[PDB]
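> need a structure here:
(one chain, ligands or ions: 1)
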Amino acid sequence: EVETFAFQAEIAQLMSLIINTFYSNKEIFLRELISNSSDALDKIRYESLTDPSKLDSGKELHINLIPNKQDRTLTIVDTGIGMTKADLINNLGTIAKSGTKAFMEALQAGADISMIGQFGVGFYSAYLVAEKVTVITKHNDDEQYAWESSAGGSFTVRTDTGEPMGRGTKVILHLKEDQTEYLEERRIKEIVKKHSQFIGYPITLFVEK
Ligand SMILES: Cc1nc2cccnc2nc1C
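Residues are numbered from 1 along each chain as shown. Now the structure:
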């Protein structure tokens, strides 16, 4: 069972701008996704201070970066609080509607795309380097779901039957044909050291065959 939804008009415009605008500093996508992972790990850590049972779905708080050259996918896995079904379809889109507006007015006043995180819509920067994004997430209060969108104004949501996660968010970036540089170890190491050197969580960079 696959449910197809439509992006809000303002979010579809933001994805079209990210995809069509000429902007060479594409590497900032990883800092936005890592900062997203660090935020979700902060939420579940704070919530577990008044409820240790929230860590029953996994005590470890870390971030993993998994490149795969055969699938041409870059995966950012974190053991954060996760996202519910209400989050994927309505809550994030409601919040992103005002952050997208403020992000567009700033772009017309001199700002550039790299400052997208200051408006709380940095997740969509994944479409700088990805033709399709698949997000596997699991919250303590909801089932495991699979979010997918190749832009174009629509996205899908379904109950994930794959490998269980326990708790966290898994962002799979199906990279564009000319963006395979973000699968090489030295390139990912260079980006992490330059943009995410002080993340208060262990970041493990997986290696390939
Ligand atoms: C799938 C999704 N994951 C997000 C993670 C952080 C912030 N916003 C997000 N928005 C969406 C639609």
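
> could you measure the closest residue to residue 33 other than its chain neighbours against the ligand, distance?
Spatial nearest neighbour of residue 33, chain neighbours left out: residue 76 (4.9 Å); criterion: Cβ to Cβ, 6 or more residues apart in numbering. Where you see a C-beta, it was placed from the backbone N, CA and C, and this is true even at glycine. When distance is defined by Cβ to the nearest ligand atom, to the nearest Å, residue 76 is 10 Å away from the ligand.

> Quick one: list the elements packing against the lengthiest helix in the chain.
Secondary structure assigned by DSSP state H gives helix 29-49 as the longest helix of the chain. Here helix 29-49 touches strand 63-68, strand 73-78, strand 168-175, helix 185-195, going by 3 or more Cβ pairs under 8 Å, 6 or more residues apart in numbering; DSSP states H and E.

> Return the set of buried residues in that helix.
For helix 29-49, the neighbour count (16 or more other Cβ atoms under 10 Å) marks 29-34, 36-38, 40-41, 44-45, 48 as buried.

> Now for the residues you listed: which two are most distant?
Using Cβ to Cβ, the pair of the buried residues of helix 29-49 lying farthest apart is 29 and 48, separated by 29.1 Å.

> still on that earlier bit, could you tell me the angle between the longest helix of the chain and strand 73-78?
Relative orientation of helix 29-49 versus strand 73-78 (axes from the mean of the first three to the mean of the last three Cα atoms, to 10 degrees): 20 degrees.

> can you list contacts of helix 29-49?
Contacts of helix 29-49 with the rest of the structure, by Cβ atoms under 8 Å, 6 or more residues apart in numbering, involve 54-55, 61, 63, 65, 76, 78-82, 116-117, 122-123, 125-126, 128-130, 167-169, 171, 173, 182, 188, 191-192, 195-196, 199-201, 203.

> And the buried ones among those, selectable in PyMOL?
Restricted to buried positions by 16+ other Cβ under 10 Å, the PyMOL selection for those reads:
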select buried, resi 54+55+61+63+65+76+78+79+80+81+82+116+117+122+123+125+126+128+129+130+167+168+169+171+173+182+188+191+192+195+196+199+201+203
